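Q: with the input below, show me the fold.
(chains A, B, C and D)
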Amino acid sequence: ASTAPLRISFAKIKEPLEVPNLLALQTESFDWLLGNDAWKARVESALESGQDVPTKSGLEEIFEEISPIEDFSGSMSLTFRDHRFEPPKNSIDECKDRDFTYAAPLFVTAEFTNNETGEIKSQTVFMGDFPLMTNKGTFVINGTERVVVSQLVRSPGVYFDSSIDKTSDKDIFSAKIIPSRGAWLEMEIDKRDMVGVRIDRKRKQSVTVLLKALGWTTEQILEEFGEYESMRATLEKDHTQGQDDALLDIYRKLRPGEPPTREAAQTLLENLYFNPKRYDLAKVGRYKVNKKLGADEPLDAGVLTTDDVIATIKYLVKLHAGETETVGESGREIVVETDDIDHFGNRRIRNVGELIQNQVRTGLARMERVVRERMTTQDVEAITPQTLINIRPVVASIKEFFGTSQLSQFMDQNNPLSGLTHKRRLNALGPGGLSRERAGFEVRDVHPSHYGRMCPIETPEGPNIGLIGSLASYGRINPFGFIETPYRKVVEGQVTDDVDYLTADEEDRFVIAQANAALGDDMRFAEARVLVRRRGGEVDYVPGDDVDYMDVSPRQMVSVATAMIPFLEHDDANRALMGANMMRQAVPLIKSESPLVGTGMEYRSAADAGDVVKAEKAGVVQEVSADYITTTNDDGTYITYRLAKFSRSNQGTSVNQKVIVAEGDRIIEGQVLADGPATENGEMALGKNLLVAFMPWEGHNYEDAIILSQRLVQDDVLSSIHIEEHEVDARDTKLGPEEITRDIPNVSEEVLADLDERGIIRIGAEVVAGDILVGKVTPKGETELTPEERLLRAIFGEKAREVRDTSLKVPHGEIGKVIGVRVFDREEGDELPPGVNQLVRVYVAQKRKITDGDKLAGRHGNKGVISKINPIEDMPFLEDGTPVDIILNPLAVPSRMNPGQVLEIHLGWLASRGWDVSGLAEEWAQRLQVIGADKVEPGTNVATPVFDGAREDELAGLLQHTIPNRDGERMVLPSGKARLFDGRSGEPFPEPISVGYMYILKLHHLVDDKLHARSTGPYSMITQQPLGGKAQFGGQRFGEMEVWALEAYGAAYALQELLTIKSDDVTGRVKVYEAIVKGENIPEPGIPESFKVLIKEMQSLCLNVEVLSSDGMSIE
Amino acid sequence: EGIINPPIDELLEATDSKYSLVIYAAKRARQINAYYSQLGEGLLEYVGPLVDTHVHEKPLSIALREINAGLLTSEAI
Amino acid sequence: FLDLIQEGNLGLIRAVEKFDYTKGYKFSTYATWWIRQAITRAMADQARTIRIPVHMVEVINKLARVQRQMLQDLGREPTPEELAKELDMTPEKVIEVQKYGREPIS
RNA sequence: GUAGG
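A: Numbering: from 1, shown residues only, chains lettered A, B, ... in the order given. The coordinates are given below.
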């Protein structure tokens, strides 16, 4: 009811199914992995509801998978029956503060049972700390919030392919059986009209020898293969016969250099394919294989069997024969058809739990190897569960995953939307998958199956285009790892309420209607003709009662970020792509305001995001204060929530939280009690709503640039806090320990004015470039003073003491006011890394206002850098006198094909001054009356869902009937334009201009960070060319392409200086600086250095590269 | 009062090349600059700026101004 | 691995140079001691880029194994004084040996 | 690694 504030809706169809938990993807998977109470609760709830669900927790699955260890005698065994967890010692905030990996202990009951002793000994053993997922789906490792992203991969099973070979002039068919973990086997047919098998692509071979190697005899093989001349030709061409001969042949081919051996061959094949450890096909692998090959209920779990091998041989040959429908091998009749890999039926996403399970399984396998070795080198009766194990592998592997792993990424906390879109993203890049250079045209592009399972709009627009993708809005994960989407059930031409979740392949069977299609007053279709889709992505129509499923809501395909954009249907694909990619980069402002025009979903995408602070009990608030809010429930539990103030975010922005609830207001459970960054009343707000007009203006908005008033600078409308944290460590070295102290050597007294006696700057003392924050001094350096220094000191009577200043200073170009300082000490209870005695971290916080050069952009992919902040009076002011806050070039709109921004503007105006429409009786008037959006007051927001958005007739009618703002007149014409007086000249402009309200965000590509200059600075070590980067005073790179441009002009001297004096020549560089500062002409450059390094290297390969002259040896 | 203060076309015609001009103006500017950096040793081979000079200036501008006025000359060895 | 194999062969030629049948056992009990000696010496002498001497090497390995035992038993990072006591050295030597046992990063 | 060009 009071979940969200009032917001008028322009939707035309009522959505049956509400959006699920937007962040279920990570949390549910990890709950399954832990096997905690929540997982079992969901399992039993699904079981009683009848929905399929796994009854086996991943952790206990892996622990049971590792069978009890047996030696060559198999006398003893160790069973790891049950595990358990306890509350972690450290709080989440404490772990964030003190650099501790948030984790809890993992105890397992190990039971060592020995038959020789005939005794069982039970003991609880601690396997190692286990990192834990906080309630917001973030892993706090070493105080940094990492996130892990699900990974798309090709699921195991049987795959088939058909290709055309130009040389052969005929088609070539192939097949493969890709396993979960084991070695991969392939099977090609009619490579040259014959058939063959790739056993890891070791060498050329035929199917016949493999079949002979197996127990199946030649006679039965002919009997079952007599209906296909290809196989008859293969075998009659086969000279070898008998199982043993084929076995020794394949063994020699696979492992040549040694004589064949029967048992060696047999055990090698068994280990390669029939051993349950090397070739353990995953559960999804068998589930897919039985359906694809048609086998009816084979073994639920187990490695491939010879029956499956013969079944796939049959399938391949049938596909070769041109037959399309064939009887299943030990199964029902099924279609034989080449399968496309891109299809979402064959793409499976590993969620967080599966990845962590795989890594801990690898660690436990290492542990098994180590403990087996120890058992082989251990005496009986000196064996205990607590002694034999070693916890190093498991912790090593889990930490090696949580750090230095592609799927483990740094949280992006620009705003809650960035958090969500980082959580949900699926990444095709990773280990054992589609890498960067492995990409092709086919994989990147969209597929007809990515509908309701992956949003086709938002993907990185950089080189990695299409290799990352956000999950759909209504998407859900299958227990196997496939993605489902809901569909409403349609029967006999009417619409049944029940919703069924369909997967990628199962959707292919039926024909699914479209949600946008109109529906009459009754439950039946309004129109006999209706658009539908079917197998292969075809979009043909089928009138009349023929469909059975229909999309539950129009917004299935679109992702959360994309679905934010209003009037999305009008915008192009590329511009909505850019717009969605940009909303993630906005920065929160000092004060936030919710959008006047925007889809009605922002509230949910804010509440589900973790940044907001929502109540967990339905009580009453007693005391409200900025630091903390205290509430009490009717039961009696008193809960006080702490609001974070100005804590640095990951990217370096404030995370301030405001307070909404008054003192005496009631609370229902889940209600928002405090905003996060970029939020207002719990509704997302990444930017502010400005007044805008479209007109060229003196050339200050040429080629995408932007012009805006100085009222923005004056009212802090676009202003953002920024906090920089920098730390120093009082490390100890060979000569002695470093000291942080106020007594700095060889400095004036004034610089040490704000420093405390301890040597740490005070709180609130403003700093500037070059200042001193904490005064640290080196223990000593071996000083051999120069004669000039000695004379100067002797004349002045000062002592050059051994201690040297190495104090932290504020970085160049950085200003701010210190807000917080934290100090950790060795001898105190706090623990630091080895060697370091004290650490001090200092915050400096400033308030950056919008200025020239700052980027700016809206929601429809229109972005530009500010170009001029003119005074308030120079802005063309509307008839009443209101100035226009921002000016945009119109030349961009038809060319960039994003007409929606224009529509929005008019609707934006309509939201500012409300509309009154009662008894008008026009078509749009009746539509508004039935929808309820008939009467509105000024300032109230409006909601236009992404595809149910307002049409143009409604906007025109509302423009015709806007409420009078002043003097009983409408300032905008029915066309949507208004008359603008000039500001500078003073005369009215020739024709009316378009004006209205637009939501504008402030991207994080600020000018302050990008600026960089360098007179002279550090240099590189191996070769002395200046090291690049702003963080170390780097020089810009003059590239090979850049030199080509300079060589085009015919200018030789500029090149010579750019290549010798300005870098790569240590001798001439100091000379040039001397000449400049003294006032003389620049000297003559010599040879560079990198050439000397190169000739030295080429001399080290035994090549006597001599720098000779025409007249013998050269001078250098 | 600008980099483009002497129009280029007149300089080009006297020099006959777009590269001979830059080399010749640069040599003259080097000579003037080294004269201003003489600081009093008074080598006779060096000569001063023929055209009047500002309190602050760059030798190359003076050199190009002489070329435009045409008071100097060049002769390849 | 293969260099370790060669060093074991070196220890083998040494041991067989010092074996006689006077011992009332098989080869496998006499030679294996010298093989273990040669492999341990090689692993202590040519393993680290910044070479440590043998005494300090065994110091490092003893500290590492006893620290692992502390982690297995207590399940927590022991206090420096505690480790100093189980080792019987001083905390200063503890930090010293801990720093001496690092590896270069490329 | 990921953003912007």
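Q: most proximal residue of chain C with respect to chain A?
A: Residue nearest to chain A within chain C: residue C:75 (4.5 Å; Cβ to the nearest Cβ). From N, CA and C alone the C-beta is placed, and that goes for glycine too.
Q: can you show me the helices along chain B?
A: B:8-15, B:20-36, B:59-69 (DSSP state H).
Q: for chain C, find the nearest of these.
A: From the helices of chain B, taking Cβ to the nearest Cβ, the stretch that ends up closest is helix B:20-36, at 47.8 Å.
Q: residue in the stretch 851-1000 of chain A nearest to chain C?
A: Ranked by Cβ to the nearest Cβ, the top residue of the stretch 851-1000 of chain A for proximity to chain C is residue A:855, at 37.8 Å.
Q: quick check: beta-bridge partners of that residue?
A: residue A:865 (DSSP bridges).
Q: which ones are touching the residue sitting nearest the centre point of chain A?
A: With distances taken as Cα atoms, centre = their mean, residue A:422 lies nearest the centre of chain A, 3.9 Å away. Applying Cβ atoms under 8 Å, 6 or more residues apart in numbering or on different chains to residue A:422 gives the contacts A:147, A:149, A:409, A:411-412.
Q: can those go into a markdown table with extra columns for secondary structure?
A: Output for these, formatted as a markdown table (DSSP: H, G, I helix; E, B strand; the rest coil):
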| residue | secondary structure |
| --- | --- |
| A:147 | strand |
| A:149 | coil |
| A:409 | strand |
| A:411 | coil |
| A:412 | coil |
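Q: which of the residues you listed sits closest to chain C?
A: Closest approach between those and chain C, by Cβ to the nearest Cβ: residue A:409, at 22.7 Å.
Q: surely the residue of the stretch 851-1000 of chain A closest to chain C meets residue A:867?
A: No - between residue A:855 and residue A:867 there is no contact under Cβ atoms under 8 Å: 11.4 Å.
Q: quick revisit: tell me which element the residue nearest to the centre of chain A is part of?
A: Following DSSP states H and E, one finds residue A:422 within helix A:416-424.
Q: the helix or strand following that helix vs RNA strand D: in contact?
A: Going down the chain from helix A:416-424, the next helix or strand is strand A:426-427, by DSSP H and E. Yes - if you take Cβ under 7 Å from any atom of the strand as the test, strand A:426-427 does meet RNA strand D, through residue A:427.
Q: go ahead and name everything in contact with strand A:426-427.
A: A:149-152, A:349, A:406-407, A:454, A:467-471.
Q: filter these down to the ones in helices?
A: Members of the contacts of strand A:426-427 lying in helices (criterion: DSSP H): none.
Q: got a ChimeraX select line for the buried ones in these?
A: Here is the ChimeraX command that selects only those of these that count as buried (16 or more other Cβ atoms under 10 Å in any protein chain shown):
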select /A:149,150,151,152,349,407,454,467,468,469,470,471
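Q: and the end-to-end length of stretch A:369-389?
A: Stretch A:369-389 has its terminal residues 11 Å apart, counting by Cα to Cα, to the nearest Å.
Q: identify, by residue count, the longest helix of the chain.
A: Picked chain A for this. Chain A, longest helix under DSSP H: helix A:352-376.
Q: nope, chain C please
A: Per DSSP H, chain C has its longest helix at helix C:54-74.
Q: for it, which helices and strands make contact with it?
A: With contacts defined as 3 or more Cβ pairs under 8 Å, 6 or more residues apart in numbering or on different chains; DSSP states H and E, helix C:54-74 has these neighbours: helix C:27-45, helix C:80-87, helix C:91-100.
Q: list the buried residues in the longest helix of chain A.
A: Residues of helix A:352-376 classed as buried by neighbour count (16+ other Cβ under 10 Å): A:352-361, A:363-368, A:371, A:375.
Q: spatially central residue in chain C, please.
A: Mean-position check on chain C, Cα atoms, centre = their mean. Result residue C:58 at 4.9 Å.
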